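Two forms of a single protein chain come next, each set out by itself as structure tokens; they are called structure 1 and structure 2.
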Structure 1
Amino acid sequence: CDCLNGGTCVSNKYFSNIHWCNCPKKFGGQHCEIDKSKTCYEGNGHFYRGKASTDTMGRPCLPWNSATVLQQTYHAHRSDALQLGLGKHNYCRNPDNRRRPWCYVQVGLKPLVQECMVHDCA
């Protein structure tokens, strides 16, 4: 069972046994990886889940699965994407331990790591 948070695994013998999870009301995504409640981030933001498509100066993050980000260090398709919270969305994450959650932001021709909008829960 590869579900996260409060996740109950389920599958179907008739459909190639594809699996998914039953998540509490505040968790979404195939594995309960998305935290639809969290407004602020932790202290490091490493384990922060939740939306935050925006950048410090109001700028849209790139989808961790966009053709672009798929060519960067951290993207949706990496073997550890589920542990890092990198999936088909553009929510601020901090896979690399940076005292602040971030995301890839497109600027002109190249995408660059920009600090996240999300405030600290302190």
Structure 2
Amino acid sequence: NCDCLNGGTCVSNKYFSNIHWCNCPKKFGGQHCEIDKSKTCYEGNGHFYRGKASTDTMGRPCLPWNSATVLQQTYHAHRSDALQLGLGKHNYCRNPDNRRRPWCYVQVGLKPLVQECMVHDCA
């Protein structure tokens, strides 16, 4: 694949014709450099936060974006724009609808509910 994010570079495969991969800067990982491995806070509203925070403000684990239950909600990993939104096979806090700060679905009794993430503002 290509479509390399976050300053990644599509490089061609050394042994195979017509294959490419993303060479990522060291702070990023993933097939598209889509995971920020080092960021510990969000900037602004965290609309483009891509770190690995995965706990809500009540100390509960976020549900994975590819869990059966999240797959039935508005925002999930099978969306056509899931890459651009940072929604993948992980349970990390995101902000696809431009709320005031990152959030994730959390299982609260019977239903998954949008809950704000524990992650702090870099400010």
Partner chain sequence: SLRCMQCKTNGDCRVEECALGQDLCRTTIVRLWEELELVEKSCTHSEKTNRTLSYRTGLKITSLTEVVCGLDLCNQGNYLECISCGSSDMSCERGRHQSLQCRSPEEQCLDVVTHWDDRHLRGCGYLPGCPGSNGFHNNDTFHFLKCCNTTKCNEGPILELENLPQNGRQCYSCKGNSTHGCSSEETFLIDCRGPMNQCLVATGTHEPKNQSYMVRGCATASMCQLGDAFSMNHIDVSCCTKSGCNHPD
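Each residue is numbered by where it sits in the sequence of structure 1, with counting from 1. Rigid core: the largest C-alpha set superposing within 1.5 Å between the two forms.
Structure 1, rather than structure 2, originates from the form deposited with the partner chain bound. Relative to the superposed rigid core, the position of the CA of residue 106 differs between the two structures by less than 2 Å. Here the rigid core is superposed, and residue 8 then shows its C-alpha moved by 2.0 angstrom between the two structures. Per-residue C-alpha deviation between the two structures, core superposed: residue 37, 0.7 Å.
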